[PDB]
Amino acid sequence: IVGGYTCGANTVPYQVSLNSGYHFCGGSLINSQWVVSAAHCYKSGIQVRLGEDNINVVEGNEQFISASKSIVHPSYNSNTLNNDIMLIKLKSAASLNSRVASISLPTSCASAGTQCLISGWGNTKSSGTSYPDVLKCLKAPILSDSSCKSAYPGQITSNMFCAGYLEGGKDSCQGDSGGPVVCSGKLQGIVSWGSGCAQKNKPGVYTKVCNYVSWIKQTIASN
Ligand SMILES: COc1ccc(O)c(-c2nc3cc(C(N)=[NH2+])ccc3[nH]2)c1
Ligand SMILES: [Ca+2]
């Protein structure tokens, strides 16, 4: 997260760290046994880490659960990143409390101008790598589709939305992928891609979760 602030331990209780021996992606807890992340975060050997704050120290509140299966969206395209969403089922259910809680799925999509909270342990520099130990937060607004499409002409599908600052300086970055974009208490986006990080006129692009709620519910209902 570039230009963000320290969230504070356990203030984002649905945030998970996808770990394969190091933090590689973010994710969101949607019920005690399922996590939602981005399809480009897929790999086998995924341990889901809940209740985290400093990902390098065990401080208490952490629950490490192995993924029983990951379900990448069948229409995911790794060249365009269209349908960049993945569901991970956990081997065992997490104990939900105040530090580990699920986030609700939206009933409607969000509008441009909606302010959302993006969080993650991804890079904090737009030039070079500085990964933090604790979770960073950034409040960013969803942008209008016309500004999004003028920024990435021909690269935005109806399953993507832009959120961020066109003047540059604040954005999500590498390491943040798969994590949550929460607006008004509802999961509206999944960190997906961007051109560099916090560069002017290059806002972050996110998976538009409101287009997948029936797919998520139908898939969880059958697995
Ligand atoms: C270069 O290697 C990788 C590998 C996986 C990623 O998700 C990313 C990545 N770049 C990203 C850029 C952004 C952004 N909003 N500017 C957000 C997530 C990203 N994730 C980069
Ligand atoms: Ca920790």
# chains A, B, ... in the order shown; residues from 1 in each chain; ligands from 1
>>> residues_near_ligand(ligand="ligand 1", cutoff="10 Å", atoms="only C-alpha atoms and all ligand atoms", output="ChimeraX atom specification")
/A:1-2,24-26,38-41,120,122-123,126,162-164,170-179,190-199,202-206
>>> write_last_selection(atoms="C-alpha atoms", output="mmCIF file, in the first residue's frame")
data_model
loop_
_atom_site.group_PDB
_atom_site.id
_atom_site.type_symbol
_atom_site.label_atom_id
_atom_site.label_comp_id
_atom_site.auth_asym_id
_atom_site.auth_seq_id
_atom_site.Cartn_x
_atom_site.Cartn_y
_atom_site.Cartn_z
ATOM 1 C CA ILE A 1 0.000 0.000 0.000
ATOM 2 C CA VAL A 2 1.782 3.255 -0.999
ATOM 3 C CA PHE A 24 2.423 -13.521 -1.194
ATOM 4 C CA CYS A 25 -1.247 -12.238 -1.378
ATOM 5 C CA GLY A 26 -4.131 -10.820 0.623
ATOM 6 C CA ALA A 38 -7.800 -12.987 -6.676
ATOM 7 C CA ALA A 39 -7.289 -15.825 -9.250
ATOM 8 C CA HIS A 40 -3.825 -14.614 -10.061
ATOM 9 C CA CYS A 41 -2.893 -15.405 -6.384
ATOM 10 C CA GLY A 120 -2.587 -5.175 2.800
ATOM 11 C CA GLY A 122 2.193 -5.120 -0.074
ATOM 12 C CA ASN A 123 4.928 -2.692 -1.063
ATOM 13 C CA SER A 126 6.246 3.292 -5.828
ATOM 14 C CA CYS A 162 -10.733 1.709 -10.741
ATOM 15 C CA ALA A 163 -10.273 3.166 -7.248
ATOM 16 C CA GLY A 164 -7.495 5.572 -6.209
ATOM 17 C CA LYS A 170 -1.496 6.636 -2.782
ATOM 18 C CA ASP A 171 -2.411 3.204 -4.214
ATOM 19 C CA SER A 172 -2.256 -0.534 -3.462
ATOM 20 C CA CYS A 173 0.852 -2.259 -4.881
ATOM 21 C CA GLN A 174 2.502 -5.694 -5.222
ATOM 22 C CA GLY A 175 1.875 -7.940 -2.153
ATOM 23 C CA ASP A 176 -1.647 -6.376 -1.776
ATOM 24 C CA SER A 177 -3.169 -8.475 -4.636
ATOM 25 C CA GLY A 178 -6.192 -10.603 -3.594
ATOM 26 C CA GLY A 179 -7.074 -8.387 -0.717
ATOM 27 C CA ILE A 190 -10.421 -7.493 -4.770
ATOM 28 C CA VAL A 191 -7.009 -5.877 -5.406
ATOM 29 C CA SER A 192 -6.188 -7.071 -8.985
ATOM 30 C CA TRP A 193 -3.690 -4.903 -10.979
ATOM 31 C CA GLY A 194 -2.348 -1.460 -11.892
ATOM 32 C CA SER A 195 0.533 0.024 -14.008
ATOM 33 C CA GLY A 196 3.315 0.466 -11.455
ATOM 34 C CA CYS A 197 2.074 1.777 -8.125
ATOM 35 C CA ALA A 198 0.790 5.232 -7.220
ATOM 36 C CA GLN A 199 1.867 6.666 -10.576
ATOM 37 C CA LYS A 202 -2.600 5.095 -13.385
ATOM 38 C CA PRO A 203 -5.174 4.181 -10.661
ATOM 39 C CA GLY A 204 -5.457 0.624 -9.229
ATOM 40 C CA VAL A 205 -7.913 -1.744 -10.914
ATOM 41 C CA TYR A 206 -10.081 -4.075 -8.821
#
>>> residues_near_ligand(ligand="ligand 2", cutoff="8 Å", atoms="only C-alpha atoms and all ligand atoms", output="PyMOL selection string")
chain A and resi 51-60+62
>>> residues_around(residues="residue 144 in chain A", least_positions_apart="5", cutoff="12 Å", atoms="only C-alpha atoms", output="list in words")
residues 110, 111, 112, 113, 114, 149, 150, 151, 160, 161, 162, 163, 164, 165, 166, 203 and 205 of chain A
>>> select_by_dssp(residues="chain A", states="strand (DSSP E or B)", output="count of residues only")
80
>>> closest_atom_pairs(of="range 87-176 of chain A", to="range 63-76 of chain A", cutoff="8 Å", atoms="only C-alpha atoms", output="Markdown table")
| residue | atom | partner | partner_atom | distance |
| --- | --- | --- | --- | --- |
| A:87 | CA | A:71 | CA | 5.2 |
| A:88 | CA | A:70 | CA | 4.2 |
| A:89 | CA | A:69 | CA | 5.4 |
| A:90 | CA | A:67 | CA | 4.5 |
| A:91 | CA | A:68 | CA | 4.6 |
| A:92 | CA | A:65 | CA | 6.7 |
| A:94 | CA | A:63 | CA | 7.2 |
>>> write_last_selection(atoms="C-alpha atoms", output="compact mmCIF listing (two decimals), in the first residue's frame")
# COMPACT_ATOMS: atom_id res chain seq x y z
CA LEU A 87 -12.51 -18.88 -3.46
CA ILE A 88 -10.33 -20.91 -0.99
CA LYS A 89 -12.12 -23.37 1.27
CA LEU A 90 -10.31 -23.84 4.64
CA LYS A 91 -9.44 -27.36 6.01
CA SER A 92 -11.16 -26.38 9.29
CA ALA A 94 -11.86 -20.50 11.85
